[PDB]
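Asks: Chains as they are written, first to last, in the deposited numbering: chain V, 1 to 270; chain d, 1 to 7; chain W, 4 to 375; chain H, 189 to 375; chain U, 9 to 112, 115 to 286.
Positions of the beta carbon are idealized from the N, C-alpha and C atoms, including for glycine.
Submitted below is the structure of interest, expressed as structure tokens.
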Amino acid sequence: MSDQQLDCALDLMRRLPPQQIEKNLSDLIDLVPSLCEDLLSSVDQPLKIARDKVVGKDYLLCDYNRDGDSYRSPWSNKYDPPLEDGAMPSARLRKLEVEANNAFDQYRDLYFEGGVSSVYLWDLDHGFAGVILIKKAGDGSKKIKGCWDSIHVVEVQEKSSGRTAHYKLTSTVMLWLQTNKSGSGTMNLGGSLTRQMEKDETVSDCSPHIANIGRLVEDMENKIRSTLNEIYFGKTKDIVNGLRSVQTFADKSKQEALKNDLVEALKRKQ
Amino acid sequence: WXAXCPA
Amino acid sequence: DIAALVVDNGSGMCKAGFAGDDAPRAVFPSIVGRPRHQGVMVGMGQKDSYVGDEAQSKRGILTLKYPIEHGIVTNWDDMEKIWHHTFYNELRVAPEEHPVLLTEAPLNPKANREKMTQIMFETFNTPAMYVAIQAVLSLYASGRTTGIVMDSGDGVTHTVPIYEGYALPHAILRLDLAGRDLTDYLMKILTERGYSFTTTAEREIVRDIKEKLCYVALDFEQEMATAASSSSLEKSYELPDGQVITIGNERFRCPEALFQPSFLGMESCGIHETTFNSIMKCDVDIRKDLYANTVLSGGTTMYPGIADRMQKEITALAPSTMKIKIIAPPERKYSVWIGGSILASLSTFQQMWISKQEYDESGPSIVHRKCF
Amino acid sequence: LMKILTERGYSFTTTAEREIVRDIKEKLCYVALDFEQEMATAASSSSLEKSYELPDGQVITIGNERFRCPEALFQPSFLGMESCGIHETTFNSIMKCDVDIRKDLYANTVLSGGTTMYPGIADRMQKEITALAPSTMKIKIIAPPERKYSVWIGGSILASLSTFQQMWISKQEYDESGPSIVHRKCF
Amino acid sequence: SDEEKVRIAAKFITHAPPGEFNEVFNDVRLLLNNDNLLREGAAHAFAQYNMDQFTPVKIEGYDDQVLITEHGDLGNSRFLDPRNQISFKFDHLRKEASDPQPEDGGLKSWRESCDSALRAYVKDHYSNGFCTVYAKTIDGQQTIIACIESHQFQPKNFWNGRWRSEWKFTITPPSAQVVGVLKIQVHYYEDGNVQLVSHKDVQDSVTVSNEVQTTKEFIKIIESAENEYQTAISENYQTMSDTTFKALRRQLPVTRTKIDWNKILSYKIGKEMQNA
Ligand SMILES: Nc1ncnc2c1ncn2[C@@H]1O[C@H](COP(=O)(O)OP(=O)(O)O)[C@@H](O)[C@H]1O
Ligand SMILES: Nc1ncnc2c1ncn2[C@@H]1O[C@H](COP(=O)(O)OP(=O)(O)O)[C@@H](O)[C@H]1O
Ligand SMILES: [Mg+2]
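Here is the structure:
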């Protein structure tokens with residue numbers, strides 16, 4: 001019954017408006033108390049920007065840089081609220097973590113033209129597994145009103161040959177749009193998506209781990225945004241069109257007659 | 001150039 | 004009596020003939036050439052516009068203009084020359100007593116088809132004509148009543164899923180990337196080794212270099228590594244002035260732009276993702292029927308290795324329970340024309356010509372409610 | 189110019205004399221704003237001719253030939269070339285740019301290099317590009333009065349940046365992948 | 009409190025996507041874990057939903073379905089069909105009509123003049139939609155309400171959709187106000203969730219004649235208005251990729267080519283010169 005409670009609660013979060021998931025998910029937790037730690041750790045959430053006061057760059061909050069009830073800022077490696085015994089990556093990883101925070105700040109700049117981003121890293125037995133977080137919201141004008149939320153989880157199986165590694169990415173994308181015009185009324189579109197993929201790319205000085213994931217993420221986000229544009233331009237367009245014709249469509253006798261003749265002829269020809 | 005145009 | 008004329012007249016090349024044969028009577032490059040310099044020798048005949056194959060023969064002194072760009076006629080007073088040449092110099096028959104079947108790429112402006120039928124009626128005096136979708140006929144040429152046709156002419160591309168002959172108008176995906184963009188990108192990447200083909204005449208040189216040597220590889224990165232590590236993908240070409248050029252990596256970089264349009268400066272999706280979206284945009288009960296009967300067509304799909312590559316990409320995109328099968332006919336280049344000669348030769352199609360009487364009683368707009 | 193000057197009766201064919209032809213060019217030739225109107229001006233009354241003295245001391249006199257040389261920039265058909273002029277080149281290059289940014293492109297069209305230092309090239313470029321581009325767009329042909337060295341000035345500015353102190357292809361890096369490394373680092 | 013927990017249940021239930029009420033209801037029931045509480049509390053929320061959906065239902069032995077609306081709510085879970093002039097008990101959980109009873115003023119002439127012209131508009135433009143003309147008097151003013159619904163559900167093609175619409179006309183001789191509201195919802199759930207929700211106000215005015223020709227003014231306005239709204243939507247989906255959806259994220263960079271992750275420092279230098 002507990003998993004039957006759990007699988008039914010996850011069926012709710014596919015059948016709700018996506019603009020208020022951080023409200024509905026809290027409400028679902030509000031109704032039942034026994035599923036607190038699960039749904040915060042299983043289903044996705046829109047992110048939450050916190051402020052850095054030491055250097056002064058915005059950053060994002062998730063479960064991977066979280067220790068207790070604090071959060072590690074990647075730009076300073078210090079938890080806010082100030083803890084004196086947290087969880088720090090190695091000096092090997094702190095070299096990489098600033099490098100990946102440089103690259104995905106640059107991928108933030110070219111593609112989104114604004115927004116915030118964060119990278120965090122943690123260690124495995126035979127490799128390192130990370131997370132790439134990205135949020136961008138509306139700039140202030142009304143046709144832009146809505147937010148994009150990209151969350152990635154990478155893992156790396158470093159083979160001890162030192163030439164090739166196994167990369168594995170499980171990405172998800174949260175989206176919400178609202179456009180307003182005099183002719184179109186008020187369209188409040190939105191949604192969500194998830195994917196995964198793998199790759200076996202070589203690693204060297206001409207292609208490091210920063211540049212390897214940097215082709216992995218911007219390919220998957222392009223493969224996700226392209227087909228997400230083909231759900232709007234896909235079904236949610238011609239479903240609305242398939243609900244009346246502006247035109248009184250006639251009968252089709254001879255068109256159908258030609259179809260029949262072609263069918264009969266190709267029964268011999270094929 | 002090598003093909004088309006001199007240089 | 005009279006036999007109906009079929010005229011493809013798509014971008015890049017005009018293919019026309021008599022309905023009932025298994026090959027187009029006349030195939031000629033649909034270009035128009037204007038002399039770029041003023042003649043000095045008289046008594047030998049001077050024309051102000053060479054059209055069709057004559058222009059390509061004398062391209063060394065001509066500015067060549069394609070009357071169609073990206074599937075939309077841009078200069079009608081040259082399209083009329085193209086059609087006049089087709090009717091009087093290649094087919095050699097007056098159009099005033101032969102019904103004609105024309106083709107159109109899907110999703111083209113209504114004004115294009117309107118002006119097309121208006122010209123075909125008022126200038127050439129044809130007794131009746133019809134306009135079919137360019138991709139639908141190619142699925143008739145393979146005898147398949149159902150299946151997804153990917154047509155890639157020299158200048159336009161379109162994927163059309165057709166079930167039981169009635170093509171689905173909600174999954175017809177357009178794509179501006181085609182042979183002409185692949186020629187331009189081939190010029191731009193040939194520039195890397197030092198070969199600069201820039202004039203309008205030399206575009207035909209690079210076009211031929213592409214039609215002959217280029218090929219699509221199965222795995223792009225592996226072939227890139229191969230072409231970088233050794234010289235076994237080097238091929239030599241002989242320009243029409245005797246020079247011998249050599250192309251390596253450029254052999255597959257050019258056509259691969261079909262699968263990654265990013266290479267060419269296009270935000271759109273590749274042809275494999277386009278076919279997969281055309282299969283995904285329709286019902287889930289016929290999505291499988293479409294996967295097993297994927298038909299290629301058009302000249303730009305004549306690259307060696309495009310069948311296996313398309314199959315790999317689609318089976319990687321599609322689920323693992325659907326059986327993929329790329330149907331690549333051996334005569335794709337003329338597939339759209341052949342399918343026409345079938346449709347016109349049907350004994351039940353002759354009640355669907357837009358008659359000149361019907362035209363004058365209803366104006367050109369009748370073409371928008373007679374041709375599907 | 190070495191070709192069109194023959195119609196006056198001058199012959200420069202030697203590489204030593206190409207330098208004199210280059211000096212006459214960058215001293216007397218000037219782009220015209222309406223080529224046909226200036227042609228009719230020259231054919232109407234000789235008031236555009238100027239005297240130039242070769243290193244021998246001859247006094248040549250070029251008139252009409254002043255703007256026929258720079259005009260070859262806008263109509264490469266004068267040189268037996270098929271391509272379009274510099275104005276149509278800039279127009280097509282701009283219209284190849286993303287639509288959103290075009291609004292700022294038409295405002296910061298900058299001329300540079302030597303050959304753009306022709307007298308009157310600014311007004312001509314502006315007229316041509318604004319007759320090609322729509323009227324809603326703002327056409328600004330910004331012409332720095334020192335554009336002969338702008339490339340080097342920008343190179344110096346870029347080289348003086350601390351951020352650029354990491355973009356130098358180093359020798360030890362060159363030893364790793366051979367000269368082909370230049371294809372990777374440089375954009 | 010069980011009142012607030014039940015209040016949260018009404019939140020979730022009354023936002024159910026069109027055609028998915030049953031699937032939401034089973035999970036909300038099982039998560040609340042009390043059928044008695046849900047049978048005593050949520051019987052308001054179910055009615056709220058079946059009105060918000062303009063729920064169509066087949067009366068047994070009658071030629072057309074009827075639309076559940078507040079304009080037809082009689083209390084007692086009874087609803088009116090103004091076409092047959094009969095009311096029925098409605099099962100707000102099972103979507104069943106029962107107990108058809110006779111439910112018989116001066117609005118009748120208008121009720122008819124409009125309904126056949128409205129059923130003609132439905133016949134002309136809707137594939138599997140329905141309509142109703144309700145009529146009422148407000149402060150002595152004669153008020154005509156025209157309702158339209160269309161809904162396609164395909165839980166084997168993985169998408170559900172609805173197109174509701176409501177119109178009011180109030181006789182103000184020789185004129186009237188026209189108030190319209192157009193509402194849409196759609197959801198696609200194949201390997202991901204995408205949802206369209208969209209509402210538009212419409213307003214205009216009309217000049218009166220006899221009821222019959224005045225009706226043909228009303229339908230000609232509605233036809234033009236819904237045709238323009240659906241046209242606007244089709245053009246909007248043909249424009250968002252490069253404008254609105256382009257705003258949030260760019261399909262490709264200003265470079266028009268993927269990022270070269272080898273060169274990554276070079277992308278700073280323009281913005282260095284904005285500080286230089
Ligand atoms: N193997 C090939 N490689 C490169 N380009 C090709 C190849 N085959 C055909 N093409 C291009 O397609 C053209 C033929 O297309 P065709 O079938 O006539 O359709 P269209 O009439 O639209 O050009 C050729 O002239 C050539 O430019
Ligand atoms: N006012 C001018 N009129 C005509 N040509 C000029 C003028 N100023 C410079 N040039 C020409 O432009 C070229 C100089 O451009 P420059 O910026 O030095 O580029 P490069 O270094 O490639 O020569 C030379 O051919 C020079 O004669
Ligand atoms: Mg073709």
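Using 8 Å as the limit for Cβ to Cβ distance, is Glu270 (chain H) near chain W?
Replies: yes
Asks: So if I measure from each beta-carbon to every heavy atom of ligand 2 and keep distances below 5 Å, which residues remain?
Replies: Any heavy atom of ligand 2 counts here; residues with a Cβ closer than 5 Å to one of them, in chain order, are H:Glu214, H:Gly301, H:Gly302, H:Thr303, H:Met305, H:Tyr306.
Asks: Between residue 460 (chain W) and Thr149 (chain W), is the Cβ-Cβ spacing less than 8 Å?
Replies: This structure does not reach residue 460 (chain W), given that chain W is present from 4 up to 375, and the question cannot be answered.
Asks: Within the continuous beta strand (DSSP E) that includes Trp148 (chain V), where are the two ends?
Replies: 146 to 158
Asks: Can you list, in chain order, the residues of the segment 66 to 82 of chain W whose Cβ is nearer than 7 Å to any Cβ on chain H?
Replies: Those would be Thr66, in chain order.
Asks: Quick test of your reading: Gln246 (chain W) and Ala3 (chain d), contact by CB under 8 Å. State the CB separation rounded to the nearest angstrom.
Replies: Taking C-beta atoms under 8 Å as the contact rule, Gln246 (chain W) and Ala3 (chain d) qualify, at a distance of about 6 Å.
Asks: Using the beta-carbon of each residue, which ones in chain W are nearer than 7 Å to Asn167 (chain U)?
Replies: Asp286, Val287
Asks: In terms of alpha-carbon separation, which member of H:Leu236, H:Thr324, H:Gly268 lies closest to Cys217 (chain H)?
Replies: H:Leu236
Asks: What does the Cβ neighbour count give for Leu140 (chain W), buried or exposed, with the cut at 16 atoms within 10 Å?
Replies: buried
Asks: Return no unless some Cβ of chain W is closer than 8 Å to the Cβ of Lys95 (chain V).
Replies: By the rule that beta-carbons nearer than 8 Å mark a contact, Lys95 (chain V) does not touch chain W.
Asks: For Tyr306 (chain W) versus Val209 (chain W), is the C-beta distance shorter than 8 Å?
Replies: Result no, Cβ atoms of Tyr306 (chain W) and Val209 (chain W) do not sit closer than 8 Å.
Asks: Only counting the same chain, and skipping five residues up and downstream in sequence, which positions put a Cβ closer than 6 Å to that of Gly343 (chain W)?
Replies: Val9, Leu104, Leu140
Asks: Could you tell me whether the Cβ of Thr202 (chain W) comes closer than 8 Å to any Cβ of chain H?
Replies: yes
Asks: Taking the alpha carbon of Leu31 (chain V) as the point to measure from, which residue in U:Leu46, U:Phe33, U:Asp10, U:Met59 has its own alpha carbon closest?
Replies: U:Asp10
Asks: Measure how close the beta-carbons of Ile151 (chain V) and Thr179 (chain V) come, nearest whole angstrom, since I'm counting them as under 8 Å.
Replies: Rounded, the Cβ-Cβ distance is 25 Å, inconsistent with contact.
Asks: Taking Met119 (chain W) as part of the beta strand (DSSP E), name the residues at either end of that continuous run.
Replies: No beta strand (DSSP E) holds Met119 (chain W); the alpha helix (DSSP H) holding it covers 113 to 125.
Asks: Please report how far the alpha carbon of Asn167 (chain U) lies from the alpha carbon of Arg225 (chain V), in whole angstroms.
Replies: 22 Å
Asks: Does the beta carbon of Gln360 (chain H) fall short of 7 Å from some heavy atom of ligand 3?
Replies: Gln360 (chain H) Cβ: outside cutoff for every heavy atom of ligand 3.
Asks: Look up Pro264 (chain H) in the DSSP assignment and say whether it is helix, strand or coil.
Replies: helix
Asks: Could you say which of W:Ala230, W:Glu224, W:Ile5, W:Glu83 lies nearest to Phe21 (chain W) if we only look at CA atoms?
Replies: W:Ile5
Asks: Would you say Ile329 (chain H) and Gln353 (chain H) are within 8 Å of each other, going by their C-beta atoms?
Replies: no
Asks: Run down chain V in chain order and give the residues with a C-beta less than 7 Å from the C-beta of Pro263 (chain U).
Replies: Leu110, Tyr111
Asks: Contact check, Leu12 (chain V) vs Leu28 (chain V) under 8 Å by CB: the rounded distance?
Replies: 6 Å
Asks: Anyone know if the C-beta pair for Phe127 (chain W) and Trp86 (chain W) falls short of 8 Å?
Replies: yes
Asks: So, is the C-beta of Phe266 (chain H) closer than 8 Å to a C-beta in chain U?
Replies: Taking Cβ atoms only, chain U never reaches closer than 8 Å to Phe266 (chain H), which makes this a no.
Asks: Cβ-heavy atom distance between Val339 (chain W) and ligand 3 below 7 Å?
Replies: yes
Asks: Let me check understanding here. Comparing Cα to Cα, which of H:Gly301, H:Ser271, H:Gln360 lies closest to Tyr337 (chain H)?
Replies: H:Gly301
Asks: For the segment 49 to 66 of chain V against the segment 110 to 126 of chain V, are there 3 or more C-beta pairs whose distance is under 8 Å?
Replies: yes
Asks: So is the beta-carbon of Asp11 (chain W) under 7 Å away from any non-hydrogen atom of ligand 3?
Replies: yes
Asks: Is the closest heavy atom of ligand 3 to the C-beta of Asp154 (chain W) under 7 Å?
Replies: yes
Asks: Give me, in chain order, the residues of the same chain whose beta-carbon lies closer than 7 Å to that of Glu361 (chain H); leave out the 5 immediate sequence neighbours on both sides.
Replies: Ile369
Asks: Thinking C-beta only, is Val246 (chain V) closer than 8 Å to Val196 (chain U)?
Replies: no
Asks: Does the beta-carbon of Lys68 (chain W), which I'm using as the reference point, lie nearer than 7 Å to any heavy atom of ligand 1?
Replies: Proximity of the beta carbon of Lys68 (chain W) to ligand 1 is not indicated: no heavy atom of the ligand is located closer than 7 Å.
Asks: In angstroms with no decimal places, state the Cα-to-Cα distance between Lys191 (chain W) and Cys257 (chain W).
Replies: 9 Å
Asks: Just checking my contact of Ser185 (chain U) with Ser219 (chain U) at CB under 8 Å: how many whole Å lie between their CB atoms?
Replies: At roughly 11 Å, the Cβ-Cβ gap does not stay under 8 Å, so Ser185 (chain U) and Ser219 (chain U) are not in contact.
Asks: For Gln187 (chain U), count neighbouring Cβ atoms within 10 angstroms of its own Cβ and tell me buried if that reaches 16, exposed if not.
Replies: Around the Cβ of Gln187 (chain U), a 10 Å sphere holds fewer than 16 other Cβ atoms; the residue is exposed.
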